[PDB]
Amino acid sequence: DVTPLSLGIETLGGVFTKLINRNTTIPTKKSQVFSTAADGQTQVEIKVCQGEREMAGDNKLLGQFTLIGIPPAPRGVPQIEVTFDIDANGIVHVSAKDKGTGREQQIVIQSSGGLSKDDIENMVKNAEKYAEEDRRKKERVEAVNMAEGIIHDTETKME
């Protein structure tokens, strides 16, 4: 038994960060650490998405939760470990843990909609159709995001 479509979460700029590539044998587990997009950010919204598109919004939203109680710290400091657990029954689990505090909340997606073979084929179709339009939109967001970091590193450093 395998994942019909790629799974991931929406990250800064609307980009879809893939965590489990399609046709992965289930059960499966995959982790990645993320951080806050801004200074003083007390929470992070985890939008679990499914599809093959480069931008989250163009994919199916399966579930949504918010990780509460991240102590205010500067942009990019908090270490948020996001883990995708898919059990044998193909039920999606996504936990988010602030490595520092230990604060953690998890979403269990017992039932999302129904995913038809026609829906799957269509999603794979649009992904290939809009591929270079997607690649260019993703590339631009990545530059804006990198520049945001460049503008935020205005302090001189020392050894």
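Numbering starts at 1 and runs along the sequence shown.
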Mean temperature factor over C-alpha atoms, higher-scoring stretch between 96 to 104 and 110 to 118: 110 to 118
Residue range whose averaged C-alpha B-factor is higher in the record, 120 to 128 or 59 to 67: 120 to 128
Chain-wide C-alpha B factor ranking for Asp87, given as lowest, middle or highest third: highest
Relative C-alpha B-factor of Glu45, binned into the chain's lowest, middle or highest third: lowest
